[PDB]
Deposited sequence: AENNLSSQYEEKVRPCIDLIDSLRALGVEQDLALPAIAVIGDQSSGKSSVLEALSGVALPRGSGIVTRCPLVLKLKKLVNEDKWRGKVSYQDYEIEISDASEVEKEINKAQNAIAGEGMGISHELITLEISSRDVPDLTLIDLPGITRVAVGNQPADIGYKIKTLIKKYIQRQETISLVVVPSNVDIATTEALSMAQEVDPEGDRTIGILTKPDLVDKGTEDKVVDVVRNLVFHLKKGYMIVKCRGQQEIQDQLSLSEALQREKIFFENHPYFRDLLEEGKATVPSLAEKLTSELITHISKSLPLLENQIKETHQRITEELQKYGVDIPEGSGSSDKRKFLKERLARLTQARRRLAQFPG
């Protein structure tokens, strides 16, 4: 059992997404973006409390158990739906997901990871493959372009909040992820910054980081958070994610510069978790009253096009049947 005061809104959006209506209907979403090796999957590991594999969208559904506190997991992709038993079984199951989902560049097909735990927020996130600028190894030359196209698909929509992951040890102005966010959101009204790797910041440089997190260099309405996740040695030693939280807490409390950020409510995964639930709820709340008319408008313009060209047909009869299903599912809200 969950908090039935937060779940209905989150579950509603998840159900609409799972209907395959997002091609024609923008749905409230938090898209996670970052340059390759910015620590994006680390943040997800910390938020979900589970290890993820060493590309295509990943829908992460986190559900906070208020009740009996039995860890449950589930992975869905295509026709597969597989119940996970242990938390350390998860990495294995996504590895498998990522296998079936990728035959030969980037895939637009969704893998959905659902986790019910005492230690997870009530939160849905869409994680998007890391941005590269140079093509390395045996991957195609247009892989960067394709990654960008997949990212734009989400982030160009007004209904998407961009969650930008940036390492503290790189200049904020050089981030491609943030650059893309500024492109679609010049005012910086639907972008949140997560800084990582605060332990790797050059000594004498920490004040620059503080300036960023305090919203003084590149301004974001919704602000910034700073986090410390497992370093490579800690991953190499298979350090538990529970201990990683404990270590993060100690790191910020003892930090000569970052303690201020902690006291200002701008540090640690637990505080990030709460901030992301608030942001998600506020953002779904914004779309709630409009959904019924947007569905109606779009069902109207697709019926127009149906009449124009046909009256490819059976494909448009499948789009409309999905939109009808969206209207029905919305009519059930909040139950």
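Gaps in the model, given as deposited-sequence positions counted from residue 1: Going by the record, the segments left unmodelled (no C-alpha atoms) fall at 1-7, 62-67, 118-119, 327-336.
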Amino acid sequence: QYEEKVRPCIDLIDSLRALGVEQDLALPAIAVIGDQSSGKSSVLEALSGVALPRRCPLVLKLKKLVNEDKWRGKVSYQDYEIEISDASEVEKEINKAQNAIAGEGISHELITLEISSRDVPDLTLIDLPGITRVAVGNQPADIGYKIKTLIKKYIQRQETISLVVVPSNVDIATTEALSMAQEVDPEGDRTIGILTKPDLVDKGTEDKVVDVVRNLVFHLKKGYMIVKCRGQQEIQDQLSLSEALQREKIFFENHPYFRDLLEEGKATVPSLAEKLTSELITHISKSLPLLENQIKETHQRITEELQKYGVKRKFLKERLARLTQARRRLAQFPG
From here on, numbers count along this sequence of modelled residues.
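Per the entry, higher mean C-alpha B factor between 73-81 and 117-125: The recorded data point to 73-81.
Stretch exceeding the other in mean C-alpha B-factor - 242-250, 165-173: Between 242-250 and 165-173, it is 242-250.
Residue selected from 191, 112, 196, 95 by maximal Cα B factor: Top of the list by C-alpha B-factor: 95.
Among 202, 185, 86, 211 - the residue whose C-alpha B-factor is largest in the record: Within the set 202, 185, 86, 211, 86 shows the top C-alpha B-factor.
B-factor third for the C-alpha atom of residue 68 within its chain: Highest third, going by the recorded CA B-factors of the chain.
Third of chain Cα B-factors occupied by residue 222: Within its chain, residue 222 is a lowest-third residue by C-alpha B-factor, going by the deposited values.
Third assignment of residue 228 from its chain's C-alpha B-factors: Lowest third of the chain for residue 228's C-alpha B-factor.
Third of chain Cα B-factors occupied by residue 289: Ranked within chain, residue 289 CA B lands in the middle tercile.
Chain third (lowest, middle, highest) by recorded CA B-factor, residue given as residue 160: Lowest third.
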